[PDB]
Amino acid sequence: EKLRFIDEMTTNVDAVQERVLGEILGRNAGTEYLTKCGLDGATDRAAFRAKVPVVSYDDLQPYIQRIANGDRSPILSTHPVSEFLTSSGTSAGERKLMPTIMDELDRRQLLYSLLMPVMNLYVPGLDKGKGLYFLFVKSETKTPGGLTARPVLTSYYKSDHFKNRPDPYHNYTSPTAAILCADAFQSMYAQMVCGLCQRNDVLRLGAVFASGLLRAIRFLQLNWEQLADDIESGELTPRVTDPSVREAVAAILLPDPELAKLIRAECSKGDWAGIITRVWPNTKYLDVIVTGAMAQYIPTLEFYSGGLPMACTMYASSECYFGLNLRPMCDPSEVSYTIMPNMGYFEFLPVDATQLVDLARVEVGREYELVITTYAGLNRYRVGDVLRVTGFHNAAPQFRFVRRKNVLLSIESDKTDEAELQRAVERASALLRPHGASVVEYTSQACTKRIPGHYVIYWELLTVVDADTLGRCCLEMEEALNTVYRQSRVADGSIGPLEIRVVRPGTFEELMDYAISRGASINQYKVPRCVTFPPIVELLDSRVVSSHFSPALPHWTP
């Protein structure tokens, strides 16, 4: 029983953790990295705790670049590297490369196998229908040494764990051919058409991130005309060039006019509230992450779903799959993730290795940074995630996701940190300085009033700059932002043009006075992003003199 496995693992947290670390060290304690730490082959917890330092990405990057450039000696593991999983987190504007090994796919597959067993406890009958999940592959590259680098889900979807899988609780409408198609449009359109045809078997709707599902809905808003047509005519549109997709959908696309009729009846109305249960009326819930930065999207999802529950099922990363939500139907505000003690060796830094707290021993109410040791040879690596213990499941702590440290803005997988944002502001002022203008202060917000959302930067200038020049400032900020952002702009369409709102002189002084109604004066520092979803965003907006948008896409190529 998957459920009994969860109960055993969480009952025996600290014993499992010891055994896992023994397995990892049995595998790796003889690698270059651990030998350099002086472990000298020890596989026991006391030796490890004593000798292995806590590290960040930049401490490991020298080892990673050696592997990327073709070093195939056992640097990090006696299981050598199979590919690089590209985190959406960056350093110097480039994606961090998380080495993985072939063995880890099986542990990822184990975590996935736990999800529907838990869900089935709260939502009956899912086996009697399909899931409409919009899933997408993104671009791959190769390192100078020949290894592939690509996102974990892209790796997942192109793996046979996924392609040739044995299961009624995983009956999906999307043909893997459409999932694997490069082009966002063809992939989206083809998956929409298959979701609509099968509209009535659809018991749940989803995508990895809430924003992905929102972009699927916007896609419908823009293409239901041709969609209703191909449904009626039963003929695949020739916008779809990709021959492998055409063959997958045309394999289930049946001519159906009673179907096409309704699609027009619901999408012709200008009102799209509850559109999801109107097109897919047996939908029981939405399977999308809406914790952390995706929380922004909850109101928008509710409007389109008509109030359907939103399941946040899993907590995972490019470097390590962590665990799962044992209460997937709770309220989004109530989500906590139970880290699974078999997935790696997990330690916690209260927000140096002597302060590390073991998984079993974290304290309810406290916030910690996640520090992980993995089979792939990450050793006391800091993920950057801040977590708050909300309680315990048997001996296993449960965590509310707080944030990834230093991340200011995300629309999707982009994770723009304060350093990149500040440098972006500095690069755009080359357009301002000839006017005699400079940016006295700025802040930002992720704006999701439309799909896709976009970055809004507030500028208080000191000197007038014309509107075309300020729009070019938007573009320049985008050129300076990281590869994930620009890729999302040019390739995915998941982020719309960046917006600069110029605020009147004295605006940030006011922003100070409003927070001071609370905050400590000689403790205040201007927030570089604002989320207090009404009061502070409303105050800034109320001081805006003009608004400007990037008139063109930034540069990006894989």
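Quick note: we count residues from 1 along the sequence shown, nothing fancier.
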Original post:
With respect to the deposited sequence, how many residues separating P166 from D167 are not represented by coordinates: none, 1 to 3, 4 to 9, or 10 or more?
Top reply: 1 to 3
**OP:** Please figure out whether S268 and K269 are truly consecutive in the deposited sequence or have unmodelled residues between them, and give none, 1 to 3, 4 to 9, or 10 or more.
**Re:** none
Original post:
Per the PDB record, is the mean Cα temperature factor higher over 431-439 or over 249-257?
Top reply: 249-257
Subject >> Of 483-491 and 322-330, the stretch whose C-alpha atoms average the higher B-factor in the entry >> reply: 483-491
Original post:
Taking the Cα B-factors listed in the entry, which of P341, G129, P99, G384 comes out highest?
Top reply: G129
Original post:
Of the options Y33, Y57, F48, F533, which has the highest CA B factor as deposited?
Top reply: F533
**OP:** Tell me, lowest, middle or highest third: where does the Cα B factor of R529 rank within its chain?
**Re:** middle
Subject >> Relative C-alpha B-factor of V288, binned into the chain's lowest, middle or highest third >> reply: lowest
Original post:
Of the three thirds of its chain by CA temperature factor, lowest, middle or highest, which one includes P74?
Top reply: middle
**OP:** Would you mind checking where the Cα B-factor of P238 ranks among the modelled residues of its chain, as the lowest, middle or highest third?
**Re:** highest
Original post:
Lowest, middle or highest third: where is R150 by C-alpha B factor in its chain?
Top reply: lowest
